[PDB]
Amino acid sequence: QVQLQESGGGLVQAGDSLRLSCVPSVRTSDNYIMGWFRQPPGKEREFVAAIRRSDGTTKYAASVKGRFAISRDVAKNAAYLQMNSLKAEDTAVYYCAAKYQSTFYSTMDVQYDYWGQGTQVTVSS
Amino acid sequence: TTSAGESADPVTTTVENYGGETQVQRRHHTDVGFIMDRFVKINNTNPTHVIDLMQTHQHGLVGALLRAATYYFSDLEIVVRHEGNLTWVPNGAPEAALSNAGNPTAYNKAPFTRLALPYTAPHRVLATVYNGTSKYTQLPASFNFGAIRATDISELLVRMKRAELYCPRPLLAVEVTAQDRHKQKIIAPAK
Amino acid sequence: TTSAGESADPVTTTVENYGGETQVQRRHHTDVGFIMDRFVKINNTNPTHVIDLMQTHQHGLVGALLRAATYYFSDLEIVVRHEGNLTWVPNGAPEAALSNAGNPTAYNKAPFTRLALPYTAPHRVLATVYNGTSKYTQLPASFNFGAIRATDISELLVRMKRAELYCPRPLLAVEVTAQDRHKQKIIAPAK
Amino acid sequence: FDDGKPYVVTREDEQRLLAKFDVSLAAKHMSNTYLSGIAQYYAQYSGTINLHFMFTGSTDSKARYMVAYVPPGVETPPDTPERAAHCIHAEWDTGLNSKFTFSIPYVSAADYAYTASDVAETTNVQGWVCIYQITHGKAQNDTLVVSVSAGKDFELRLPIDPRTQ
Amino acid sequence: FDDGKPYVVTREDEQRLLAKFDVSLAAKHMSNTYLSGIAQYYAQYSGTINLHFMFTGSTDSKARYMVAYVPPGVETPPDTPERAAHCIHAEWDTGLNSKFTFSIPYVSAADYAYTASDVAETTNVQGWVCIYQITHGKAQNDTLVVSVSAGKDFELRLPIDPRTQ
Amino acid sequence: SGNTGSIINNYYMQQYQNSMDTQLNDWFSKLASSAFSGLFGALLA
Amino acid sequence: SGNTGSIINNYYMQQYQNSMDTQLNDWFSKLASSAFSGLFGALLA
Amino acid sequence: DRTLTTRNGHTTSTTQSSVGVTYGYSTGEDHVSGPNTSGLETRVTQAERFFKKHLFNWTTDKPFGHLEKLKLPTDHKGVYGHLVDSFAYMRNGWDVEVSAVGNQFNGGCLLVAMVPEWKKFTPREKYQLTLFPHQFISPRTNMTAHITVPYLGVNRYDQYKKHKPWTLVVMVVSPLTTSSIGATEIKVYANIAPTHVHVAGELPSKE
Amino acid sequence: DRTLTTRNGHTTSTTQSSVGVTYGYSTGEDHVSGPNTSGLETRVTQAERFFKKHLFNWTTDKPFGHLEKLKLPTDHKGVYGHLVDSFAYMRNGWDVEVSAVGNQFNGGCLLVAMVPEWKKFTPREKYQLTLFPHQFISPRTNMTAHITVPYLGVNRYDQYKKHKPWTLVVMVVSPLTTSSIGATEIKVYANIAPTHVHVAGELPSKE
């Protein structure tokens, strides 16, 4: 059905910033929730930040609350995760996701539908 | 046909002017009551939303065809997808009235809620433009259909019932940059 | 009966020619409107599908009986099994119109969706074969019933309503390789 | 017919049996017909089936033909017109009118018949149709074209969808 | 028209072709019209399309114009009124009445036409409309304003919602 | 009227269930009914 | 009566389905029907 | 009894081996004036007349199923041709007459049919070519077939440089058999004439 | 009051400086069906429509008696042309309309006449050019002349590749006088349309 195209990964060192992007392949008229999951080396996947398509309702993790910022482009049908002031612990594999089926805030970080192959972000010190 | 242009009278020449034949036409699809009667999206919802029709997208079907009129009258239907109960207060109500169940409150069923609301504005007609103010770019605050409230609202749809439009205004199309015409992809079967 | 063969006139001899008796017949099941009115599968669905009836299987009941006519007219019914919403745009629409909810959009209920669509092609009849082109093996791109779109579509069924067929064409059966007749297994109770 | 021709040719032999085929819409001879192409999509049938015989020989070539309906009850069909003269048949020679239509009767036990032969079980449930060459004069390579259409009371009954898809 | 003006100016040249545009509600010349702004929200159309020509030159300036409908079937439109005189056309000069209305016919194969041109495929499905300057006397910078409205049997058919939102 | 078996009228108007035909002839029915039968020439039953 | 396609009457009264208009004229229909057609001056067909 | 004369315009064609006229799908045209042409169509009676065309040589080494086609309209050099390249939309039916002259001491059968919206036939589909308006040419009986067909298509008017609705087809049903006193070869010709020629949408000139 | 619209076929032409229509020698055609064509003539209504032509530039240095002619039929690139080269005998009249657009602050006079069986005029014979169907173009009053003439000749049908009965003539009567506020030059165009086009004797093709 829907495939996700990720962009903007790479390598930085501590203190810099990165910008991740993700655009879905089809532009159906749904209320999907673009989110970001990260999987640290030798650990399991976990939620980072999500955003709703209709409004700019953003969820966040306790780890990254003041640093990270997520936004959406209504025109280009995109979503961007602006990572700021990276820590050496932010090294992981970052995945996007879709979650088309239900769009309520209380469940905005539990069950996504389409993932799309992850990007590699490896910050140094 | 030749006529006085500066007088601004309407002139409708036919193909009969050179032997043709005007054919029978059916204009059921450009009827004002017909074309405005479809659900269209409102893409900025809040925990508390004031139903203002000028919040429809300006380039949608209903959004643009509504911007192409100065005044209008309509009832309304809304399709809300919410968590918890949904309270509706009419036009003119305090904002604190939205926390009580004496007002129309809908206890949420599974998919969503579909209601029909009347026209409660104190004016005979509503307007899309206003030249001036109403206190002692921005329309008067009484140009709305009420307000809704839930713990969080996911989507809102609206539908104009018994719609009436007055005093038409410009309605534009996408502009052609350098082509001879605006070319785009049209649906066609595979293979 | 004996007749001039090369004149190509139809001749129907009876069993009365040698003492028999023509019996009463009922042909309700070979009625064109009756036999084409059943749901048949479309086995190539996409996230975006353009409804073209020449995508039914060529050896199915409706597929083959449709290939056995030059022209046809029909309304339509579709049964779609999708995720998310299902948008439908009529014949002639841009492909970008399929991302907006001003068009017929179906919010998915549990099992599937069953709709009824009209005939929106600009021609009086559609065709299964075309001898030539339409731009300045492949039919014109205007030979369709619209397009649908969802995040992914699992199955699509179509049904022809008020079907009319014109100008019949060859309709073949499976060929017999070396036998005296084509023998196959027929249902029979166990034991 | 054999070699995939719509016609049977007169034979310079002692054999007077031109062609023979089962009364079945699934026969090898009817595999390329419209009646068969329609009948493949139904379960049962009943009624008349017409055969047309068009002679395409020269003017100086004469012949006399015969067609017989051999209902089921014998193991093998007859191969002599003298022996098949005891069935339902018809004879006709060649002349000004070059076409001849013979109507196969629907004679059976049940009111309907299957439009598909079940399995490798032999001896078709309905009979056979046997075309004979009574005689011919100076007709060495002249042919007789055969075609089939539905009768006045023909009928197909129960729609199905049997092909592998 | 060119430079984004509602009018065409007489030319001190050998060229007698003022303007030319496709018969399409998605044309570059109709991009700023109300007929086009409405027609963008429908799939198909049919019927008449009226053009109005208002002359805004002085009293001491005369001219004679011509408009032709060039249906599809040629690769390039004609650029001479002598060659475009074989289409459907009309001529008119300037005088007391400063307006002129010409009605574009709906002539095609199908009963309806798309209100949107498909892809970079060339040679618009409907024809062109060509405005010519037959002659003019002492009309150096005088203009001719063009506008369009719907005809008596015009019609839009199937509502859609095609804009990116 | 093919393959519809309910006796009650439809809930929706005819204008919405399907499209409407406008005006401005079964060939093969007449071509089969006008077929030749009987015999040709004389008969001696 | 725009975009409603059921033949059966409504289950709810008119007083509850929508509001009620009180009293105390299509301009553009008349402005288009009163348009000029034909010709001006004489004709030589 | 089998003497027929057809007159199309100022042209006639007589045959004494007539077997009848076959009407396909209709005995007369439907409404030529519709809403798509907006009252601006006209009829041309100078274009409705016969013109010749050579189809094929019927030799004895051609087996059953040998197909020859001719898409209509063809390359016309007369008034019909200037009509086709002078107007944008045309419509007309056809009145076809095929002749294969040998002698009565030949044998064989030809199938002359008019197929709408031609597409190449598979070897098994040629057994059903008699689903279209057709006639047979048997040297035993006749030398001339005659079919008359209306105009049909998805559109009421056609652009013949883009689409060809009709196609004339001649198939060998029974191979030609000759003897010492029969014609060793047969040449097949067509005599076609458009019917009810209506035009619309005059085009600019090229000069 | 001086507004005229002529519609010939699917083509129109409006003028607001009309001065009337001049009929020459007849107000309508005579018998188109005669004994020389033996009942085999037909009328073509698709050929009766306007086509443009450029006559001359009316400058101030052209004195009285400056003659410009245009023999009709001209080199036609549309349906009329294929008619002329497709049939052997034709006949039709003419409906001519000449326009010389300057402005009302010019001076001069033009003579637009339709001369049958043209022959070159001597300088003294140009004083009598008003014996033929004619009109004047004076920038003072009008910008458009309009004459309508029937078909005439020694024969009822004509072979236009051999004979041209009619000729359009424009003569300078009074030289163009311009001022600082008048048009310094005037270009003259013709808008001609055949009338009652009948043809006979279809010709073979060239292809």
# chains A, B, ... in the order shown; residues from 1 in each chain; ligands from 1
>>> interface_residues(of="chain F", to="chain H", cutoff="9 Å", atoms="only C-alpha atoms", output="VMD selection string")
chain F and resid 24 27 to 28
>>> select_by_dssp(residues="chain D", states="strand (DSSP E)", output="count of residues only")
62
>>> atom_distance(atom1="CA of residue 132 in chain C", atom2="CA of residue 67 in chain C")
18.1 Å
>>> interface_residues(of="chain D", to="chain H", cutoff="7 Å", atoms="only C-alpha atoms", output="list in words")
residues 5, 32, 33, 34, 56, 57, 58, 59 and 60 of chain D
>>> write_last_selection(atoms="N, CA and C atoms", output="short mmCIF file (atom, residue, chain, number, x, y, z; two decimals), in the first residue's frame")
data_model
loop_
_atom_site.label_atom_id
_atom_site.label_comp_id
_atom_site.auth_asym_id
_atom_site.auth_seq_id
_atom_site.Cartn_x
_atom_site.Cartn_y
_atom_site.Cartn_z
N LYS D 5 -10.28 -28.96 -40.41
CA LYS D 5 -10.97 -28.41 -41.56
C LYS D 5 -12.46 -28.34 -41.29
N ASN D 32 -14.72 -25.65 -31.56
CA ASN D 32 -14.51 -24.32 -32.09
C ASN D 32 -15.81 -23.61 -32.45
N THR D 33 -16.92 -23.98 -31.82
CA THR D 33 -18.22 -23.45 -32.19
C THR D 33 -18.66 -22.38 -31.20
N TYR D 34 -19.61 -21.55 -31.63
CA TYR D 34 -20.20 -20.56 -30.74
C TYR D 34 -21.21 -21.20 -29.81
N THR D 56 -19.76 -27.58 -51.78
CA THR D 56 -18.92 -26.65 -52.52
C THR D 56 -18.14 -27.36 -53.61
N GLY D 57 -18.79 -28.21 -54.38
CA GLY D 57 -18.17 -28.80 -55.55
C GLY D 57 -18.58 -28.08 -56.81
N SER D 58 -17.91 -28.43 -57.90
CA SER D 58 -18.23 -27.80 -59.17
C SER D 58 -19.61 -28.22 -59.65
N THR D 59 -20.02 -27.65 -60.79
CA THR D 59 -21.31 -27.99 -61.36
C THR D 59 -21.33 -29.39 -61.95
N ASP D 60 -20.23 -29.83 -62.54
CA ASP D 60 -20.16 -31.14 -63.17
C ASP D 60 -19.87 -32.25 -62.19
#
>>> residues_around(residues="range 113-120 of chain A", least_positions_apart="6", cutoff="12 Å", atoms="only C-alpha atoms", output="MDAnalysis selection string")
(chainID A and resid 1:12 18:25 32:41 45 90:102) or (chainID C and resid 83:84 151:152)
>>> select_by_dssp(residues="range 74-110 of chain B", states="helix (DSSP H, G or I)", output="list in words")
residues 95, 96, 97, 98 and 99 of chain B
>>> write_last_selection(atoms="C-alpha atoms", output="PDB file, in the first residue's frame")
ATOM      1  CA  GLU B  95     -17.042  29.379  26.659  1.00  0.00           C
ATOM      2  CA  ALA B  96     -17.672  27.931  30.117  1.00  0.00           C
ATOM      3  CA  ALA B  97     -20.979  26.452  28.956  1.00  0.00           C
ATOM      4  CA  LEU B  98     -19.004  23.783  27.081  1.00  0.00           C
ATOM      5  CA  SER B  99     -18.256  21.827  30.275  1.00  0.00           C
TER       6      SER B  99
END
>>> calpha_fit_and_write(fixed="chain I", moving="chain H", output="short mmCIF file (atom, residue, chain, number, x, y, z; two decimals) with C-alpha atoms, in the first residue's frame")
data_model
loop_
_atom_site.label_atom_id
_atom_site.label_comp_id
_atom_site.auth_asym_id
_atom_site.auth_seq_id
_atom_site.Cartn_x
_atom_site.Cartn_y
_atom_site.Cartn_z
CA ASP H 1 -28.86 51.86 -38.53
CA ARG H 2 -25.76 51.14 -40.60
CA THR H 3 -25.00 47.78 -38.94
CA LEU H 4 -24.96 44.77 -41.25
CA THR H 5 -24.19 41.10 -40.61
CA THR H 6 -23.70 38.61 -43.44
CA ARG H 7 -23.67 34.89 -42.69
CA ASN H 8 -22.39 32.56 -45.41
CA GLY H 9 -22.29 29.01 -44.15
CA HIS H 10 -20.66 28.72 -40.74
CA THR H 11 -18.89 32.07 -41.24
CA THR H 12 -20.11 35.57 -40.38
CA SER H 13 -18.89 39.10 -41.05
CA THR H 14 -20.19 42.20 -39.25
CA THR H 15 -19.67 45.83 -40.28
CA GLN H 16 -20.82 49.03 -38.58
CA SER H 17 -20.04 51.31 -41.54
CA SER H 18 -22.49 49.59 -43.87
CA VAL H 19 -23.86 51.51 -46.82
CA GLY H 20 -26.06 48.74 -48.19
CA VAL H 21 -25.79 45.74 -50.46
CA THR H 22 -25.54 46.15 -54.23
CA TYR H 23 -27.15 43.47 -56.38
CA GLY H 24 -25.83 43.32 -59.92
CA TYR H 25 -27.85 42.24 -62.96
CA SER H 26 -30.10 40.00 -60.83
CA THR H 27 -31.42 39.45 -57.32
CA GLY H 28 -31.24 35.65 -57.61
CA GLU H 29 -29.87 32.88 -59.78
CA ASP H 30 -31.61 31.58 -62.89
CA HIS H 31 -32.30 27.91 -63.66
CA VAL H 32 -29.38 25.86 -62.37
CA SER H 33 -30.72 22.63 -63.89
CA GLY H 34 -30.67 22.80 -67.67
CA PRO H 35 -30.57 20.43 -70.63
CA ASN H 36 -26.79 20.49 -71.10
CA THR H 37 -26.01 18.64 -67.86
CA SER H 38 -28.69 15.94 -68.36
CA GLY H 39 -29.90 15.73 -64.77
CA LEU H 40 -26.55 14.79 -63.24
CA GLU H 41 -25.66 17.99 -61.37
CA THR H 42 -25.50 18.36 -57.58
CA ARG H 43 -25.17 21.26 -55.15
CA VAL H 44 -22.34 21.56 -52.62
CA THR H 45 -23.21 23.62 -49.54
CA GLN H 46 -19.88 23.03 -47.77
CA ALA H 47 -18.09 25.20 -50.34
CA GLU H 48 -20.21 28.32 -49.88
CA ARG H 49 -18.26 30.29 -47.26
CA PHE H 50 -15.88 33.22 -46.92
CA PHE H 51 -12.17 33.34 -47.69
CA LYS H 52 -9.72 36.23 -47.44
CA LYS H 53 -7.53 37.89 -50.06
CA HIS H 54 -5.22 40.91 -50.08
CA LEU H 55 -5.78 43.39 -52.91
CA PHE H 56 -3.35 46.32 -52.60
CA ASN H 57 -1.93 49.05 -50.37
CA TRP H 58 -3.72 52.36 -50.93
CA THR H 59 -0.93 54.93 -50.67
CA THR H 60 -1.10 58.66 -51.38
CA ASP H 61 1.09 58.56 -54.50
CA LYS H 62 -1.45 56.60 -56.55
CA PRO H 63 -3.36 58.92 -58.92
CA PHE H 64 -6.83 58.64 -60.41
CA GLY H 65 -7.28 55.57 -62.57
CA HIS H 66 -5.03 53.20 -60.66
CA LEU H 67 -6.58 49.79 -61.36
CA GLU H 68 -6.22 46.56 -59.38
CA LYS H 69 -8.00 43.39 -60.44
CA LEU H 70 -8.62 39.91 -59.07
CA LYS H 71 -10.11 37.27 -61.35
CA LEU H 72 -12.58 34.91 -59.71
CA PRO H 73 -12.30 31.99 -59.00
CA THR H 74 -8.88 32.51 -57.42
CA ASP H 75 -6.38 29.94 -56.11
CA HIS H 76 -8.49 28.33 -53.38
CA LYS H 77 -6.88 26.04 -50.82
CA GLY H 78 -10.04 24.64 -49.24
CA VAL H 79 -13.20 22.77 -50.23
CA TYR H 80 -13.77 25.04 -53.24
CA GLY H 81 -10.35 24.16 -54.62
CA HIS H 82 -10.91 20.42 -54.47
CA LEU H 83 -14.28 21.05 -56.08
CA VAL H 84 -12.61 22.87 -58.98
CA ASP H 85 -10.00 20.19 -59.56
CA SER H 86 -12.40 17.30 -58.82
CA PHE H 87 -15.37 18.02 -61.12
CA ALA H 88 -15.38 18.99 -64.79
CA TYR H 89 -18.17 21.59 -64.85
CA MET H 90 -19.00 24.11 -62.12
CA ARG H 91 -21.15 27.20 -61.73
CA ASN H 92 -21.63 29.66 -58.88
CA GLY H 93 -22.15 33.34 -58.16
CA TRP H 94 -20.26 35.62 -55.82
CA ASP H 95 -20.87 37.62 -52.64
CA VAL H 96 -17.94 40.04 -52.30
CA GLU H 97 -17.08 42.41 -49.45
CA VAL H 98 -14.12 44.82 -49.63
CA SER H 99 -12.75 46.78 -46.67
CA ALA H 100 -10.29 49.70 -46.60
CA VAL H 101 -9.75 50.71 -42.96
CA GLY H 102 -8.10 54.06 -42.26
CA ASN H 103 -9.77 56.63 -40.05
CA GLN H 104 -12.43 59.28 -40.53
CA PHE H 105 -9.75 61.97 -40.85
CA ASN H 106 -8.63 60.74 -44.28
CA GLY H 107 -9.85 61.69 -47.73
CA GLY H 108 -10.30 59.96 -51.03
CA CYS H 109 -12.57 57.65 -52.96
CA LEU H 110 -12.25 54.09 -54.24
CA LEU H 111 -14.42 52.37 -56.84
CA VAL H 112 -15.16 48.68 -56.25
CA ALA H 113 -16.82 47.03 -59.26
CA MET H 114 -17.47 43.51 -60.57
CA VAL H 115 -16.73 43.37 -64.31
CA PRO H 116 -17.97 40.42 -66.40
CA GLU H 117 -15.57 39.02 -69.01
CA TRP H 118 -12.63 41.19 -68.05
CA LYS H 119 -10.54 42.96 -70.68
CA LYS H 120 -7.92 45.64 -70.07
CA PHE H 121 -9.33 49.17 -70.01
CA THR H 122 -7.93 52.14 -71.89
CA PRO H 123 -7.32 55.36 -69.93
CA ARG H 124 -10.45 56.95 -71.43
CA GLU H 125 -12.60 53.90 -70.68
CA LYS H 126 -11.93 54.12 -66.94
CA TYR H 127 -14.27 57.13 -66.79
CA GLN H 128 -17.16 54.72 -67.41
CA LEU H 129 -16.28 51.99 -64.90
CA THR H 130 -19.58 52.75 -63.14
CA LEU H 131 -21.54 50.85 -65.79
CA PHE H 132 -20.91 47.65 -63.78
CA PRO H 133 -22.21 46.67 -60.32
CA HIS H 134 -20.22 48.90 -58.04
CA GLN H 135 -19.86 50.80 -54.77
CA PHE H 136 -17.51 53.46 -53.42
CA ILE H 137 -15.27 53.42 -50.36
CA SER H 138 -14.84 56.92 -48.94
CA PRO H 139 -13.00 57.10 -45.58
CA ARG H 140 -15.35 60.02 -44.89
CA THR H 141 -18.33 57.66 -44.69
CA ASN H 142 -17.69 53.91 -44.83
CA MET H 143 -14.95 51.32 -44.66
CA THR H 144 -16.74 48.47 -46.45
CA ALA H 145 -18.29 47.80 -49.86
CA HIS H 146 -20.61 44.85 -50.52
CA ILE H 147 -21.75 43.59 -53.95
CA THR H 148 -23.63 40.40 -54.83
CA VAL H 149 -23.67 39.03 -58.37
CA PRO H 150 -25.19 36.00 -60.09
CA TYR H 151 -23.59 33.55 -62.49
CA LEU H 152 -23.58 34.51 -66.17
CA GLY H 153 -21.84 33.36 -69.33
CA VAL H 154 -22.33 31.98 -72.80
CA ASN H 155 -22.57 28.49 -71.27
CA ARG H 156 -24.74 27.31 -68.39
CA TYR H 157 -21.82 25.46 -66.77
CA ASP H 158 -18.19 26.53 -66.87
CA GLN H 159 -14.73 24.96 -66.88
CA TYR H 160 -12.98 27.36 -64.51
CA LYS H 161 -9.51 26.23 -65.58
CA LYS H 162 -10.33 27.68 -69.02
CA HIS H 163 -12.64 30.64 -68.39
CA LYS H 164 -13.22 33.18 -65.61
CA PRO H 165 -16.47 35.12 -66.04
CA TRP H 166 -16.15 37.59 -63.16
CA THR H 167 -13.38 39.95 -62.08
CA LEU H 168 -13.15 42.15 -58.99
CA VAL H 169 -11.81 45.63 -59.74
CA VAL H 170 -10.73 48.41 -57.36
CA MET H 171 -9.87 51.78 -58.93
CA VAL H 172 -8.49 54.91 -57.26
CA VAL H 173 -11.01 57.65 -58.02
CA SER H 174 -9.68 60.38 -55.71
CA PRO H 175 -6.14 60.05 -54.33
CA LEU H 176 -5.78 59.30 -50.65
CA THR H 177 -5.16 62.50 -48.71
CA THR H 178 -3.84 62.21 -45.16
CA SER H 179 -2.94 64.68 -42.43
CA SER H 180 -1.00 64.55 -39.16
CA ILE H 181 -3.96 62.87 -37.43
CA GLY H 182 -5.00 60.55 -40.27
CA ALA H 183 -3.78 57.12 -41.30
CA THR H 184 -0.74 57.46 -43.55
CA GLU H 185 -1.56 54.31 -45.52
CA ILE H 186 -4.51 52.00 -46.14
CA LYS H 187 -4.45 48.27 -46.87
CA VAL H 188 -7.30 46.74 -48.88
CA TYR H 189 -8.62 43.20 -48.37
CA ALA H 190 -11.41 41.15 -49.93
CA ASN H 191 -13.80 38.69 -48.27
CA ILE H 192 -15.39 36.62 -51.04
CA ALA H 193 -17.86 33.75 -50.78
CA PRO H 194 -19.30 31.64 -53.61
CA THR H 195 -23.07 31.36 -53.87
CA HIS H 196 -25.21 28.50 -55.19
CA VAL H 197 -22.32 26.14 -55.96
CA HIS H 198 -23.40 23.40 -58.38
CA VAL H 199 -21.09 20.79 -59.91
CA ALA H 200 -21.25 18.20 -62.68
CA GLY H 201 -18.99 15.63 -64.30
CA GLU H 202 -16.86 13.92 -61.67
CA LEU H 203 -13.26 13.30 -62.72
CA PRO H 204 -10.96 10.35 -62.02
CA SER H 205 -8.42 10.61 -59.26
CA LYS H 206 -4.69 11.16 -59.64
CA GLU H 207 -3.47 8.84 -56.87
#
>>> interface_residues(of="chain A", to="chain E", cutoff="12 Å", atoms="only C-alpha atoms", output="PyMOL selection string")
chain A and resi 27-29+54+73-77
>>> write_last_selection(atoms="C-alpha atoms", output="mmCIF file, in the first residue's frame")
data_model
loop_
_atom_site.group_PDB
_atom_site.id
_atom_site.type_symbol
_atom_site.label_atom_id
_atom_site.label_comp_id
_atom_site.auth_asym_id
_atom_site.auth_seq_id
_atom_site.Cartn_x
_atom_site.Cartn_y
_atom_site.Cartn_z
ATOM 1 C CA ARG A 27 -1.140 11.082 -0.996
ATOM 2 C CA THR A 28 -4.440 9.548 0.166
ATOM 3 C CA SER A 29 -6.850 11.702 2.210
ATOM 4 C CA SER A 54 -4.536 17.318 10.606
ATOM 5 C CA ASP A 73 4.514 20.319 5.545
ATOM 6 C CA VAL A 74 0.885 20.361 4.327
ATOM 7 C CA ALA A 75 1.965 21.322 0.809
ATOM 8 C CA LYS A 76 4.754 18.809 0.200
ATOM 9 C CA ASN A 77 3.161 16.115 2.403
#
>>> closest_atom_pairs(of="chain C", to="chain B", cutoff="8 Å", atoms="only C-alpha atoms", output="CSV")
residue,atom,partner,partner_atom,distance
C:49,CA,B:189,CA,7.6
C:50,CA,B:189,CA,5.1
C:51,CA,B:189,CA,7.1
C:52,CA,B:189,CA,6.3
C:91,CA,B:187,CA,7.6
C:92,CA,B:186,CA,6.5
C:93,CA,B:186,CA,6.0
C:94,CA,B:186,CA,4.4
C:95,CA,B:186,CA,5.2
C:96,CA,B:185,CA,7.9
C:101,CA,B:40,CA,6.2
C:102,CA,B:40,CA,5.6
C:141,CA,B:188,CA,4.9
C:142,CA,B:188,CA,6.9
C:144,CA,B:189,CA,7.2
C:146,CA,B:187,CA,7.5
C:147,CA,B:187,CA,6.9
>>> write_last_selection(atoms="N, CA, C and O atoms", output="short mmCIF file (atom, residue, chain, number, x, y, z; two decimals), in the first residue's frame")
data_model
loop_
_atom_site.label_atom_id
_atom_site.label_comp_id
_atom_site.auth_asym_id
_atom_site.auth_seq_id
_atom_site.Cartn_x
_atom_site.Cartn_y
_atom_site.Cartn_z
N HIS C 49 -6.28 2.29 -8.53
CA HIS C 49 -6.79 1.43 -9.58
C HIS C 49 -7.78 2.19 -10.43
O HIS C 49 -8.68 2.85 -9.91
N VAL C 50 -7.63 2.09 -11.75
CA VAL C 50 -8.57 2.67 -12.70
C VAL C 50 -9.51 1.56 -13.12
O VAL C 50 -9.07 0.52 -13.63
N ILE C 51 -10.80 1.76 -12.91
CA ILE C 51 -11.79 0.73 -13.16
C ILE C 51 -12.00 0.56 -14.65
O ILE C 51 -12.68 1.36 -15.30
N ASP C 52 -11.41 -0.49 -15.21
CA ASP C 52 -11.54 -0.84 -16.61
C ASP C 52 -12.06 -2.26 -16.68
O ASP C 52 -11.46 -3.17 -16.10
N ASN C 91 -14.87 9.67 -14.52
CA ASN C 91 -14.11 9.55 -15.76
C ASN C 91 -13.70 10.93 -16.24
O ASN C 91 -14.53 11.81 -16.46
N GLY C 92 -12.40 11.13 -16.41
CA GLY C 92 -11.86 12.40 -16.87
C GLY C 92 -11.14 13.19 -15.81
O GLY C 92 -10.55 14.23 -16.13
N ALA C 93 -11.15 12.75 -14.57
CA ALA C 93 -10.62 13.51 -13.46
C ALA C 93 -9.09 13.48 -13.47
O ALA C 93 -8.50 12.52 -13.94
N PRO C 94 -8.45 14.54 -12.98
CA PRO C 94 -7.01 14.47 -12.72
C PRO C 94 -6.69 13.36 -11.73
O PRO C 94 -7.53 12.93 -10.94
N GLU C 95 -5.45 12.88 -11.79
CA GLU C 95 -5.03 11.86 -10.84
C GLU C 95 -4.78 12.46 -9.47
O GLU C 95 -4.74 11.74 -8.46
N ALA C 96 -4.60 13.78 -9.40
CA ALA C 96 -4.36 14.43 -8.12
C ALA C 96 -5.66 14.68 -7.37
O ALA C 96 -5.64 15.06 -6.19
N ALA C 101 -11.09 14.89 -0.10
CA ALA C 101 -12.34 14.33 0.40
C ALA C 101 -13.57 15.08 -0.09
O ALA C 101 -14.66 14.86 0.44
N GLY C 102 -13.43 15.97 -1.07
CA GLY C 102 -14.61 16.49 -1.73
C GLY C 102 -15.22 15.50 -2.69
O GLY C 102 -16.40 15.59 -3.03
N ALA C 141 -7.84 5.82 -23.54
CA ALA C 141 -7.75 6.01 -22.10
C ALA C 141 -9.07 6.44 -21.48
O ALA C 141 -9.20 6.40 -20.26
N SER C 142 -10.05 6.84 -22.29
CA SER C 142 -11.36 7.24 -21.80
C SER C 142 -12.31 6.07 -21.67
O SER C 142 -13.50 6.27 -21.42
N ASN C 144 -13.10 3.80 -19.33
CA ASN C 144 -13.03 3.38 -17.94
C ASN C 144 -14.25 3.92 -17.20
O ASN C 144 -15.08 4.64 -17.77
N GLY C 146 -13.85 5.33 -13.97
CA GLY C 146 -13.30 6.11 -12.89
C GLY C 146 -12.08 5.46 -12.28
O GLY C 146 -11.49 4.54 -12.83
N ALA C 147 -11.70 5.96 -11.11
CA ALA C 147 -10.57 5.40 -10.39
C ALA C 147 -10.87 5.39 -8.90
O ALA C 147 -11.63 6.22 -8.40
#
>>> residues_around(residues="residue 49 in chain A", least_positions_apart="3", cutoff="10 Å", atoms="only C-alpha atoms", output="list in words")
residues 34, 35, 36, 37, 38, 46, 58, 59, 60, 61, 62, 64, 65, 68, 69, 70, 81, 96, 108 and 109 of chain A
